[PDB]
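To begin, one chain is listed below as structure tokens, in the form deposited in one PDB entry.
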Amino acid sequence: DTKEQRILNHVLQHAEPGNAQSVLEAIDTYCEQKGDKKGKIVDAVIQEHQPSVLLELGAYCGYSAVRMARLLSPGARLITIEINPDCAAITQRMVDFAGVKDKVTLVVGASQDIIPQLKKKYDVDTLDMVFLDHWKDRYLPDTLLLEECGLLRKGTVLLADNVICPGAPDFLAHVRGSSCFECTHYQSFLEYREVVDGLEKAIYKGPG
């Protein structure tokens, strides 16, 4: 969308080419200008679990791709599925510019179509980590799908963003109540890149 394009424009103008940290800071800056830090939580989870195969559902401007890819060990892989071609185009430009393109496989399409292809087509055995940041109504069905397709092993980490605002209540109820998942909640704050709000004025004109 227009916001993601302006984020990319800002990065290209101000971030140091090939420097992933420079790119992240430039985006945090663009969003700042216009509980715990969201980027800090993602970094902490990845550094805690050291995934060699990491699946990202949803990519808007490549912020999350870059943040996660920069921390991966050599030869480790980020696979990113994004349904909107325009967001995927921007994400790849961001990833190229940030210097991490060698770690990222960006795939355009719907998660429910691509997920069952991960083993056969993208040489995945099981996934070490999944970052969920796409359409909220996909969180629980894709989670059940990942399981059904044999992509989860004991120890696989699911990390879901925005589970409160806009919210993924059904996703939360499932994994929390299930003995198949061990759940931890991290309070956070919404950031500019993620959302935007507005008010509507509606003046009644009569029955007419």
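The term rigid core refers to the most C-alpha atoms you can superpose between the two forms while keeping them within 1.5 Å. Position 1 is the first residue in the sequence shown; the rest follow in order.
Coordinates are given for every deposited residue between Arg153 and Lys154; the gap count there is zero.
Annotation for 129 to 137 versus 115 to 123: the higher mean temperature factor (C-alpha) is found in 115 to 123. Taking only the listed residues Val157, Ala26, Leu146, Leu55, the entry reports the highest CA temperature factor at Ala26. Ranking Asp170, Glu48, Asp161, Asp142 by Cα temperature factor from the entry places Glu48 first.
In this PDB entry, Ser73 carries a Cα temperature factor that places it within the highest third of its chain's modelled residues. Among all modelled residues in this chain, the alpha-carbon of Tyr30 has a temperature factor (C-alpha) in the highest third. For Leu106, the recorded CA B-factor ranks within the middle third of the chain. Only modelled residues enter the ranking.
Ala20: CA B factor lies in the lowest third for its chain, per the PDB record. Ranked by Cα temperature factor within the chain, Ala88 sits in the highest third according to the deposited record.
Only in words, not in the display: the form deposited in another entry, which the text now covers.
With the core held fixed, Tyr186 shows a CA shift below 2 Å between this form and the one not shown. Relative to this form, in the other entry the C-alpha atoms of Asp133 and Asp197 approach one another by 3 angstroms or more. Relative to the shown form, the CA atoms of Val196 and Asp96 are pushed 3 Å or more farther apart in the other entry.
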